[PDB]
Each structure stands twice: as C-alpha cells, then as structure tokens.
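Novice: Fold the stuff below for me.
(chains A, B, C and D)
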Amino acid sequence: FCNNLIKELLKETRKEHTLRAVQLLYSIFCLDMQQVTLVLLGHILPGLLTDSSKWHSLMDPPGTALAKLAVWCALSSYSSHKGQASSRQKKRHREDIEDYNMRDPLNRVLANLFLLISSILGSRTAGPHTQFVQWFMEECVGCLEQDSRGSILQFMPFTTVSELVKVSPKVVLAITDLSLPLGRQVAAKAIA
Amino acid sequence: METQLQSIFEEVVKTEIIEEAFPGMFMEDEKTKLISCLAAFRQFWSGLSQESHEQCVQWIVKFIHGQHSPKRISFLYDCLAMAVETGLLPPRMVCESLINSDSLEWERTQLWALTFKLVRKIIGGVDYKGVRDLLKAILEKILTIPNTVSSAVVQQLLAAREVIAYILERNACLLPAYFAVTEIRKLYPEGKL
Amino acid sequence: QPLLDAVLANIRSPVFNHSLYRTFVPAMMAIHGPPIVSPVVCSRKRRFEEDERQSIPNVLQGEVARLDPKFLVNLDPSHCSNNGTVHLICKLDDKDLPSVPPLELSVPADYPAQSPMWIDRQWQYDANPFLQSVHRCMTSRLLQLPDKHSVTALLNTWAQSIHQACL
Amino acid sequence: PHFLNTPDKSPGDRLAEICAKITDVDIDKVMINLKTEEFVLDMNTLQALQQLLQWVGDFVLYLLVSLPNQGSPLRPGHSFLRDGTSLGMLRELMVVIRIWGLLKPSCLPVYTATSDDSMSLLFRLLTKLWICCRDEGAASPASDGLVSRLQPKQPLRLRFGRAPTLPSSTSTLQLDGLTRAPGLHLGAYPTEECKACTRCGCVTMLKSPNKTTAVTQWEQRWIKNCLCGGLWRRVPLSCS
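Specialist: Numbering: from 1, shown residues only, chains lettered A, B, ... in the order given. Below, you will see the structure:
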C-alpha cells in the first residue's frame, strides 16, 4: 500500500502539489496510522537511502516533504493514541523483531530510525540521502517532540548530533534532547 | 602582441623563485606591487588594440588556472578584481572568459571555491538584461555533477548554491527574476527534476 | 634471416591455437623430458579483502609522520574526511612564542594545489598588530614559494615566518 | 551414419556391422574383401585430421603401450581391453580412415616419425588380441613380446577426458562461497585458453564458436547436455 503510494508520489515535480499530496497522504493513513507509519518507515527509509535507484528517486525537491510526513506521523505514533479501528482490529496481528525507552515496537522502530539517520550521515559518500537527512533535521523544529528523544536508557543519537555540525540556532534546538548533564555537555560542544 | 603581452605579464607575475631555499638568513608587497603590476598591465593593454582585448581577456584565463598555488590564485583573483574596479576590464567579459574552458568539475575543487568566491564578489557586474545568460553556464556546471561526489566537498562545492541563492534573492534589487526564469527554462522543460 | 617464422606467426590469425601443439610438443617432450618443470602447488587467492576503511589517505599520514615533534596536529570539525583529506589544525608547541593555529586546507592527494586557505584569519590577524605583521610576512613568503606542498613546505614556511618576524 | 552410399543390395550399417567377421590381419586385404568404392562423401573431408584422427590414433596407441603395463598400481591397471566389440568399432574406424587416406591424402600420420602405412602392424596386433578378445576367450604371450618393444612413432600425453572429483561425503572439502583456487575432445586444449572455451560437465570446456566450417555435426550434437556433461559451466577465461 504505502510502497505503491510513495512510488506514484515521486513524480510531482511541483512543490505546491507535493505538499498537497503529502498532507493528503498523512490524512489517509488514519485509522491505521501507527502500524502503517511504522512499516512505511522501517521498510522504505532503509532502502530509500541505501540503493542508487532510491537515491536518484529521493533526489527530487518533492522529497523534502517526505521527512515532514515522517516526523508528523512519528509523534502521533509516540503519543498515547490507541486508534483502535474495529475495521482494522482483526487485521492488526503480526510478529517481528524489527532487527533491533523499553522493548516496545514503536520504541525500537524509532531507534532503528535513529540508527539509519546516523548511518546516512556517514562520511566518505555524500549522496542525496545526506540532503535528505539534512531536510529531516531542518523539519525537526517542533514542540513537545520525540525526534531523537535522547532518553537516559541507551539513546546514542545525541553523539551523531555532533556530525550534524558538519552541515546555528537549529543546532542549539536539536541538541536540546533532554537537558541532561551529558546533554548539556554535547550542547556546549556543538556551541563551539 | 597578445603572446608577447602574456609573456611579459607572466615574467612580471611569476616573482616566486626558490633560490637557495635552505633555512638561511638570506634577506607587505602583496598590495603595493599588486597595484603596480595592475597599472603596468592597464598601461600596456590600453594601447594594444583593445577591440580584441576581450580575446586577450580569455587569454588571461590561460594563466589563471596554470599554477596551483592557492594563495597565489586568491591574490591574482583579488588584484584582477581591483583592476576591474578601476573602470577598465569590463566585468561581463572577464567573468564569461573565466567561467568556461577551465571549469574542471571536482578536478580543482580549491580553484573552484576561489573562482566562485571571486564571481560572488564581482557578482555586481552591472549590465543590460543580457547578464542572466552567464547564469545558464553556471547551471551547466551544476548539471555535470551527480550528487554522490564526496562527503568532504559538500560545503566547499556549496559555493555554487550560495552564489545562485544570493543572485536570485537579491534579484529584488539585482536583476529581473522573470528573465531568470526564462533562462533556467534551458534546464527544465516544465518539469525535469 | 629467418623471417619465414615471422610471416607464419603473422599468418596465425585463426582462433585454433592448438595445431601448433600437435606440431611442436611431440618432439619437444621427446628430446626434452621435464614433464613437471614446476611441480610446486600454486593456488593463492588474489583479492580477498584489503582496504584501510578506517582513516584518511595514508599519503598525508606518511608525510606528517616525518615532521618535527614541535608541530602538534589535531582534528577539526569533520569536513576534510576523504576528498579534501586535510584539516591542518596545528599548534607550534615548542620553546618559541606561541601563536594562532593555522588552517592550511589542502586538496586531494593529486596535489593540483596547496594547503593555505586562511578562513578563520579575518579576525585572528587584524586584531593584533604584531600578529598582523606575522601574517604579512607569512603571505609574502608563501607567495614566493613556487608550488608549495601539503604539510612540510607550508608548516615550515609558517614557522620560519612566525619566528623571523619577531623583530 | 556417414554412409551416403549409392543404392546397393543391403545397407551400409549392417554391412559395416558384419565387417567384424573378417580376415585375421592385413586390413589392406579386408578392405578389398568387403568394399572400397562406396565410402567417399565429400571433397572437403579435412575435418577429422586436426580433430579426430590424431585423437583416435593417440587412443589406440595408448591402448597398445598399455599391454606391457600389466603390473600397474591397480588390479585392472589403466584399462581392460577385454571387450573386443569396442575394438571392432575401432577396427571399422581405422579401415574407413584407411579408405579416406586412399581418397583424401589428409590421413592420420604416426605423429612422431618413420611411418614405414605404419598402422599395419598396429591393426595386426589389435586383431591378434582380438582373437583373444572376441567372445569366450582369454588373453594371450607372443602378443606381449610383439607389443613390448616400441618404434620411433610412439607419442604420449593423451587427454583422458574425465571430471574433477568431489569426494566430500564426510571427509574433506577445500572450498568457500567463491574464489575457486586453481591447481577437451576436438583438441583445442592449449596451455591457456584464448577463446570462449565454453566450460562443460566433465572435460569438454570446448570453445563456443569452434571456428568451424563443416564440422557442425559435433557442435549441433553437443548443444544439449553431454555424457557426464550436463554440468555446462561458465568458468571464466582467467588464463594464467
């Protein structure tokens, strides 16, 4: 479902129409938003930044709002929104380790998202996925957010924030993960 | 004529000579001598068939990308910019001559950065509506690059996006933007990614 | 004199380079009898795995290993990993007077350029008059350096200008 | 089946089959005993000389020199030579190529020297062991002395088409996922391949185009699988 929708979406070439279509796409995802967004992220985003074909695909300016949809659905998923649609209640029965807070599905889903964010920031190869994660970090400007929550359990992404310095007040905001002591330290590091 | 002029300019510019470069005690000219060389060059080409001067202008680029010498390239760019600022050496001619035939996409990334910083500094280049044409060639250089080059030359090559963003944003005070649209139409036929 | 074999080898266009086998090897193995001229086993994998994958081009590594211990080079923000390959952030920790660390960003190992770029200089040099004189001397020396090089030439010229322009 | 004979009282297949019931020796007499005319089929008969004639000659000569190798490091040594029927087919082949040499001078030489042709005594000893190997008979001692000595016409280095082994039941296997570590019928086995060299099941590894003109019978015969030759591989031309 999401694969076909995204594939047909990557032909707009008109940023107004791109924003319209991506907003409507976030709209349709409701009544299944949690699992739909989880599978969408965990299946496309790794492939969307690993294959040269997906590179050339996401190389379009329309690709800018993909991460906008990503962060928009991620927070709604992290929110305590049940969304128990009886039309999809019987269908929501899966089993997956996700190839890994707590040992929660959406939790390790966002964790793998963080890992892919860090990996796409990997050097020695500056592809369009670098600009992709750049736009993603740019869209991370929000409130009550959960993008790179930086919880004291095992949250590594904060270190990768230093690599974002290679790309500013936006850095000052993104580094403000949890106002932790180590968080304050890395915030000072980024401040220079 | 032009060959002898270039030979004289090279013999004047190439003042670097490592004669007994050993760590001996053998004993800011970058400003006064620069102005002196600029004045000598202007007095030479002033009476040397200036009608073909633009051609010799391109010939100047022949010496521009010759040496590697990044500090020397920056110095040469600065002094030629100052010489342009003296009313002589019309800017459009020199930018058109320097942009092409020596682009060297990723071949001289340092030379690329210095050249783009220079054209940004000389981006004034006030002329008629026939200025945005140069922008076309700029986009051409952006076209001969896949966005999978190297994680090192990102902000270094970002000078292109910087100068184009400056051009199109100051178009409110630099040049009419609809002409910019009809120029960039040469890159996309109403949607080409 | 025996160009006949030459013109015959010229004639040998067809792909069946096996008739010469039956033509020559009988007498060869008859009069010469080394059926095993190399019975030693020869089975080696040409390319299994050989890559650095963990550092910059080692050319600049081998270069910087030669420099004097009075030069202390560090790592800047990550913008010179592979292509640029160099962020010459150096300190002249020695008995001489200290100064501002140079930038000296060179290019890929092909070396169609040198290191000096001087980004952070704009405020680091014009503030101090003595350091401004040091910068003037260093520029005058670098301009007189024909095709300076990655680490040795640039750092040497910088140090000698810093410790000559004291006055 | 190359018998494109004129219409006769019987077929060439059954006639060549009954040719086995022939005289003792001197195939030059057997040819006139059966027939010599209706065997030519093409002026451009120069197809088996560079490919098959040397092959069959080397095979029969190895069969000869194998006789003194009775005490070999093997109970049957290298081969048996206890059938005779296959040797009868070999005799049919040698007599028909004798007819060919009578017609087309591109016959099968002795491959070393001194053809003084030389296949006469060869066929003679083959028939001498034939009367010892036709049916319900044991192997003879005079033939031993006749074969023991060798003439200036005895080469070596025969192909012996076979397949590399794979005895990894539970014992040993020196391989990985990749990186095979290195350690033919119509000839075409040079020191290092310089053509297509289409790898096959056991030994063929023959070239794909074969640079043929009229030998297309073999190529059109081996396009599909082969005897222990269904393992048609694409081993690269990593010549060394």
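
Novice: Tell me which residue lies nearest the centroid of chain C.
Specialist: The C-alpha lying nearest the average C-alpha coordinate of chain C belongs to residue C:59 (CA atoms, centre = their mean; 3.9 Å).

Novice: I'd like the distance between that residue and residue C:82.
Specialist: 12 Å (CB to CB, to the nearest Å). Where you see a C-beta, it was placed from the backbone N, CA and C, and this is true even at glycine.

Novice: before we move on, back to that, who's in contact with the residue nearest to the centre of chain C?
Specialist: Applying CB atoms under 8 Å, 6 or more residues apart in numbering or on different chains to residue C:59 gives the contacts residue C:109.

Novice: Repeat the analysis, applying 10 Å as the threshold.
Specialist: Residue C:59 sits next to C:85, C:108-109, C:111, C:150 when contact means CB atoms under 10 Å, 6 or more residues apart in numbering or on different chains.

Novice: re the thing from before, show me the common contact partners of residue C:59 and residue C:82, please.
Specialist: residue C:108.

Novice: one step back: when you check chain D, which of the contacts of residue C:59 turn up near it?
Specialist: Among the contacts of residue C:59, proximity to chain D is found for none (CB under 10 Å from any CB of the partner chain).

Novice: Dump those into CSV; add neighbour count and secondary structure as well.
Specialist: Shown next, in CSV, are these (neighbours: other CB atoms under 10 Å in any protein chain shown; DSSP: H, G, I helix; E, B strand; the rest coil):
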residue, neighbour count, secondary structure
C:85, 20, coil
C:108, 22, coil
C:109, 15, coil
C:111, 15, coil
C:150, 22, coil
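
Novice: Let me know the closest of those residues to chain D.
Specialist: Closest approach between the contacts of residue C:59 and chain D, by CB to the nearest CB: residue C:109, at 30.7 Å.

Novice: Can you dump the C-alpha atoms of the longest helix that chain B contains in CSV for me?
Specialist: The single longest helix within chain B, with elements called by DSSP state H, is helix B:29-46. Extracted C-alpha coordinates of helix B:29-46, given in CSV (Å, rounded to 0.1, in the frame of the first residue of the first chain):
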residue,chain,number,x,y,z
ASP,B,29,54.5,43.7,-1.0
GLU,B,30,51.2,41.9,-1.8
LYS,B,31,49.4,45.2,-2.0
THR,B,32,51.7,47.8,-3.5
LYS,B,33,53.4,45.6,-6.0
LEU,B,34,50.0,44.2,-6.9
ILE,B,35,48.7,47.7,-7.8
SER,B,36,52.0,48.4,-9.7
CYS,B,37,51.5,45.3,-11.8
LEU,B,38,47.9,46.2,-12.4
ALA,B,39,48.8,49.7,-13.5
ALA,B,40,51.6,48.4,-15.8
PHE,B,41,49.1,45.9,-17.3
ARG,B,42,46.5,48.6,-17.8
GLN,B,43,49.0,50.9,-19.5
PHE,B,44,50.1,48.1,-21.7
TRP,B,45,46.7,46.9,-22.9
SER,B,46,45.3,50.4,-23.1
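
Novice: do it and chain C meet at all?
Specialist: Yes - using CB under 10 Å from any CB, helix B:29-46 reaches chain C at B:29-31, B:33-34.

Novice: what's the residue nearest to the centre of chain C sitting at in phi/psi?
Specialist: phi -60, psi -50 (degrees, to the nearest 10).

Novice: Surely residue A:119 is in contact with residue A:127?
Specialist: No - at 11.6 Å, residue A:119 does not count as touching residue A:127 under the criterion of CB atoms under 10 Å.

Novice: Next, show the common contact partners of those two.
Specialist: With CB under 10 Å, 6+ apart as the test, residue A:119 and residue A:127 both reach A:49-50.

Novice: More neighbours: the two, which one.
Specialist: residue A:127 (22 against 14; other CB atoms under 10 Å in any protein chain shown).

Novice: Show the contacting residues for that one.
Specialist: Counted by CB under 10 Å, 6+ apart, residue A:127 has contacts A:49-50, A:52, A:54-56, A:58-59, A:120, B:146-149, B:151.

Novice: Point to the residue nearest the middle of the chain.
Specialist: Went with chain A since none was named. residue A:70 (4.8 Å).

Novice: Sorry, I should have been clearer: chain D.
Specialist: Mean-position check on chain D, CA atoms, centre = their mean. Result residue D:56 at 3.1 Å.

Novice: what are the ranges of the helices in the chain?
Specialist: By default, I'm working from chain A. Applying DSSP H to chain A gives helices spanning A:2-9, A:15-28, A:33-48, A:52-58, A:64-78, A:86-89, A:105-120, A:128-139, A:157-164, A:169-175, A:181-191.

Novice: nope, chain D please
Specialist: Under DSSP H, chain D gives helices at D:12-18, D:27-34, D:54-65, D:85-103, D:119-130, D:142-148, D:216-221.

Novice: Any buried residues in the fifth one, and which?
Specialist: It stands for helix D:119-130. D:119, D:122-123, D:125-130 (16 or more other CB atoms under 10 Å in any protein chain shown).

Novice: what does the fourth one give?
Specialist: For helix D:85-103, burial by neighbour count (16+ other CB under 10 Å) applies to D:87-88, D:90-91, D:93-101, D:103.

Novice: How about exporting stretch D:21-31 as PDB, limited to the C-alpha atoms?
Specialist: Written as PDB, here are the backbone C-alpha positions of stretch D:21-31 (Å, rounded to 0.1, in the frame of the first residue of the first chain):
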ATOM      1  CA  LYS D  21      33.500 -61.200 -39.300                       C
ATOM      2  CA  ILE D  22      36.600 -60.600 -41.400                       C
ATOM      3  CA  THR D  23      40.000 -62.000 -42.100                       C
ATOM      4  CA  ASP D  24      42.700 -62.300 -39.400                       C
ATOM      5  CA  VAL D  25      45.200 -59.500 -40.400                       C
ATOM      6  CA  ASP D  26      46.300 -57.200 -43.200                       C
ATOM      7  CA  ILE D  27      43.400 -54.700 -43.200                       C
ATOM      8  CA  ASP D  28      44.600 -53.800 -46.700                       C
ATOM      9  CA  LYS D  29      43.100 -57.200 -47.600                       C
ATOM     10  CA  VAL D  30      40.000 -56.700 -45.500                       C
ATOM     11  CA  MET D  31      39.200 -53.500 -47.400                       C
END
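
Novice: can you list contacts of it?
Specialist: By CB under 10 Å, 6+ apart, stretch D:21-31 touches D:19, D:33-34, D:39, D:88, D:91-92, D:94-96, D:98-99, D:102, D:117, D:119-128, D:130-131, D:134.

Novice: roughly how far is that stretch from the heart of the chain?
Specialist: Relative to its chain's centre, stretch D:21-31 lies at 21 Å (CA atoms, centre = their mean, to the nearest Å).

Novice: And for stretch D:47-58?
Specialist: 8 Å.

Novice: again, but for stretch B:58-71
Specialist: Put simply, stretch B:58-71 sits 10 Å off its chain's centre (CA atoms, centre = their mean).

Novice: list the buried ones in it?
Specialist: In stretch B:58-71, counting by 16+ other CB under 10 Å, buried: B:58-61, B:64-65, B:67-71.

Novice: re the thing from before, which one of the buried residues of helix D:119-130 is nearest residue C:49?
Specialist: residue D:122 (57.3 Å; CB to CB).

Novice: I figured the closest one was touching residue D:150, is that so?
Specialist: No - counting by CB under 10 Å, residue D:122 does not reach residue D:150; the two are 11.8 Å apart.

Novice: tell me, what's touching these two both at once?
Specialist: Going by CB under 10 Å, 6+ apart, residues that sit against residue D:122 and also against residue D:150 are D:61, D:64.

Novice: Can you name the residues of chain D sitting close to chain C?
Specialist: D:50-51, D:54, D:58, D:109, D:111-113, D:152, D:154-157, D:174, D:176, D:178-184, D:186-196, D:207, D:209-212, D:238, D:240.
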